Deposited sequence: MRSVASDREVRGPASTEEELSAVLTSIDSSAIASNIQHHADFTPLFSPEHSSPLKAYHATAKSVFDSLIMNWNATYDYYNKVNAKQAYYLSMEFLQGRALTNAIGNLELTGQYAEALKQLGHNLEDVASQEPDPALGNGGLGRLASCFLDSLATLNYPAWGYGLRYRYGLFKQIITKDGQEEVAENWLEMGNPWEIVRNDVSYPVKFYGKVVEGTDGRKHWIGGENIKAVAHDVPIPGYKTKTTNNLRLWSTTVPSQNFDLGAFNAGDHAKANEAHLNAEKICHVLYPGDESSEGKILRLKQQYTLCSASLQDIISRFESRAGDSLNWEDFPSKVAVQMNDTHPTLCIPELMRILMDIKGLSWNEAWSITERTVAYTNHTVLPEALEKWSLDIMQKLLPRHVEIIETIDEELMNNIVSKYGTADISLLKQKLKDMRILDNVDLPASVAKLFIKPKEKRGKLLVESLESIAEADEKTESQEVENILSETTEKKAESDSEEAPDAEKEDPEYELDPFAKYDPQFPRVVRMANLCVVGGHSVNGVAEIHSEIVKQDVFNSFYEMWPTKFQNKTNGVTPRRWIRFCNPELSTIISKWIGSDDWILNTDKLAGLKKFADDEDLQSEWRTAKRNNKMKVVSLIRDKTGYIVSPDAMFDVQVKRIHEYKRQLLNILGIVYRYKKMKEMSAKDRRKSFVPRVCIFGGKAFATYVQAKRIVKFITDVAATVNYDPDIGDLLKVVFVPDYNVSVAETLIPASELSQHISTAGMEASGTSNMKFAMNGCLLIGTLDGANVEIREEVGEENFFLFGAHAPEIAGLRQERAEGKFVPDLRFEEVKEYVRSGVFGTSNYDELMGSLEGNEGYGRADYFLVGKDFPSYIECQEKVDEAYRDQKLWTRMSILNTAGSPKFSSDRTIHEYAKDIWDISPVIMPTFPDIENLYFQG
């Protein structure tokens, strides 16, 4: 009773009765907005039912705050989760359209950037699919980070246009507006209570993005804050006098908070904005959560129940301000005591860490924060004093040098005059250590504040979670060992197998017996025994090849290069950074090119398997060397791809504007993917898990997610190379004292690049970053030269394996069979049970 012909009518209805175009206009885009709105009707029904039932039950609700959400296109996945994928397809034929064609008109929401945000997004899919009561909270970015375009100069950055016609996947909630305050000062009022007055005032308005679960009515929510000020803040006097910018100054201030993701902060103005961004996310979100708690509790309202009804999860340090903000409201607005409020805060908040380096943890100038959020600094000050008295107790006086060290490590406010209580212990008068030294900045360490303020701290992979306990927060682990956990990352198998790779999905559900694996992904393990079946292997290679043909279109379309699908599709797809070592990959390609060119055309075929080597991802605009690296790759592509001696034996391609949509086409087509960061530098990595699910083989270092992926799929089905994490610091110091001697094959490439064969750029600057023994930006800090021989050898093993397409496809199948551990579903279960302490809420 829910058929294709009624859907076609509702699509038509939306084109005409919620129109964005002239009636006689006929576009795939017009069809998209109509089809999006037809699907949306289902999400609204289900959203309202889910919203209402949660209020009735009043179960504990989890809240995931992130500065990023890589939502990607919604259409294909909403239709998928509703299981109207077959009927929407036909409905669109009736109207003279094609689903796939219409779906490719959807713009990627510019609401995230990399893994941090995509994880959050996968987490929202799993939460809904498994019927957990949970929302995401975030900011509604207009222009995103940037849309990447590739010219003959390298990468250029253009602002995103995804909101130009409005977002059909959201609902504005005009009754949901919260005030957020900047600057001002604090005064103690009549009733001993603190009051934060004056300053600047903006309002955050709610923009809801429903999150439909798979094979369930449960539709959770992503609440997005958009900043503005009321029309009356427009200065007409300024406007009429001619000063049109002044007239618009107040609106610009509010609105710019939601303009760009991670705005550049090499300026006091960029730092203030980045800080306004975070407080707005924290303040608006917490005010809303508090509001919902109150409305549900009704007359029987008790704040001790707050952490048994509310869980707040801080994705990275960006939402750290939740801690003091919660303390702010509980005391200043609700009237709770410090200890009463602190206990509620500590039990409500938890922190997830994605960093492996202790000098990559968010720091802020106290002076800047003190000016913008004076009441929060007061609160932080009190928190840091408590923390220090607890260290005093749990340790010393007796042994002071020890205590000195414990206080450095754990302090929230670094380089500040100690509170009078602690300062005592260092009289002799006071030790230089217990005083502000103007030679250095006064700094607020957000990571330490997150640890102190949350009941749980977790890493994102087994090895990393240990690094977190041993290197990063050691003295904290000593103090509160029970805080520290691990929650290995995962990705949703619905977006990243079922819907991005339908051809593989059919093969999977045939041989396993059902399509239940989409939900109960453990059942993929039943593929192990069929790994050597010849027929499975036939279908499995055909799918891979069919998925590769959609990439041929993408490459032709986006770059102009013509490539053959009968080569090996070798992909490296991640953010452009020296530590990720795209440079190691391209230089390995350069070596093989060189070998080919010093070889007979008979031997070229005998020695190397044909490849299409694909690069993708964004460089931080200001990062000069990263931009030179994408430039370098493009130039190699130009030289290699148009070389008669090579032909289809090797192609190199840089796919521009890598995003969720690109990944969705690229990943299912991939046979080899590269995860080759300097060992010890990666915490996890989620693209790794996506590739393996799609039967792509991994070449990588013993680093981040690769380690656990290798366990699950088997070491025989993974190409491992390079120095391990423990060996690094030693190899660097070895370099510093002149003892490192690079392979002859590595000097060959460097010289061959300095040769000019890749155009009118020489690159002596880039190659120069792999030379010397010391210096910032030089001295091959990320061990490209060191790992080179091991790496180019490992790629010879890949070639030899690809020669036996029996072995290759066997390993491909074993990767999909070993992926179950990396479903975000079991990641969420672990979070739900061991941190948030929430249960599923199933509607009847």
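Colleague: No C-alpha coordinates means not modelled. Give me those stretches of the deposited sequence in order.
Modeller: Residues lacking C-alpha coordinates: 1-25, 454-510, 927-938.
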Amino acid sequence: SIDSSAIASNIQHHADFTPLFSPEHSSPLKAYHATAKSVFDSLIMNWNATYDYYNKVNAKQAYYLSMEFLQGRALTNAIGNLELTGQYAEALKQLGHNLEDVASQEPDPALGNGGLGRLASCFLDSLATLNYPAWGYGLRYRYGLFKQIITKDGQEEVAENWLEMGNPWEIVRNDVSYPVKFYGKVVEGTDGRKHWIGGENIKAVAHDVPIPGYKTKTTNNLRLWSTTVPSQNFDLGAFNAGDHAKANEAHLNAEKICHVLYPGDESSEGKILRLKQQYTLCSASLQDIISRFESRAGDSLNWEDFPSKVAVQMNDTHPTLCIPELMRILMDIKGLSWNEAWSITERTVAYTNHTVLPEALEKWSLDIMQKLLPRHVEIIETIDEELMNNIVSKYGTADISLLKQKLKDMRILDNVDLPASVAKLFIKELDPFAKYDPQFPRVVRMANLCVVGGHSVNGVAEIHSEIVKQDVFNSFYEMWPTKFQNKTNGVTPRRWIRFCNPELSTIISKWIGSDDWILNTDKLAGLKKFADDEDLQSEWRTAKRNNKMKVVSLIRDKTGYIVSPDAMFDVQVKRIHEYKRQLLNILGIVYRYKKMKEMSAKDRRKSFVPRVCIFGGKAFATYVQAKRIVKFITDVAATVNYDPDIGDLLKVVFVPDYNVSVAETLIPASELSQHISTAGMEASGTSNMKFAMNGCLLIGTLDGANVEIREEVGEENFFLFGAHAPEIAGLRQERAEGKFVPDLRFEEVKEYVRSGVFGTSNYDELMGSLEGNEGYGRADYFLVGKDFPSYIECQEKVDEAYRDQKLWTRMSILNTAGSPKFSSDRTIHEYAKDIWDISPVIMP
From here on, numbers count along this sequence of modelled residues.
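Colleague: Which wins on mean Cα temperature factor, 36-44 or 795-803?
Modeller: The entry gives the higher C-alpha B-factor average to 795-803.
Colleague: Averaging CA B factors per stretch from the PDB record, which one is higher: 607-615 or 671-679?
Modeller: 607-615 has the higher mean C-alpha B-factor.
Colleague: Using only the C-alpha B-factors in the record, can you name which of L527, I171, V491, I497 has the highest?
Modeller: If I rank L527, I171, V491, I497 by C-alpha B-factor, first place goes to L527.
Colleague: Can you pull the Cα B-factors for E106, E255, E708, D471 from the entry and say which is highest?
Modeller: Out of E106, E255, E708, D471, the record gives the largest C-alpha B-factor to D471.
Colleague: Place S393 in the lowest, middle or highest third of its chain's C-alpha B-factors, as listed in the PDB entry.
Modeller: For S393, whose C-alpha B-factor we compare with every modelled residue in the chain, the answer is the highest third.
Colleague: By the recorded C-alpha temperature factor, relative to the other modelled residues in its chain, which third is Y752 in?
Modeller: Its C-alpha B-factor belongs to the highest third of this chain's values.
Colleague: For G560, return the chain-relative third of its C-alpha B-factor as stated in the PDB record: lowest, middle or highest.
Modeller: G560: CA B-factor falls in the highest third of its chain.
Colleague: Quick check for you: using the entry's CA B-factors within this chain, is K334 in the lowest, middle or highest third?
Modeller: CA B-factor rank for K334: middle third.
Colleague: Using the B-factors in the PDB entry, rank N221's C-alpha atom against the chain and give the third, lowest, middle or highest.
Modeller: Its C-alpha B-factor belongs to the lowest third of this chain's values.
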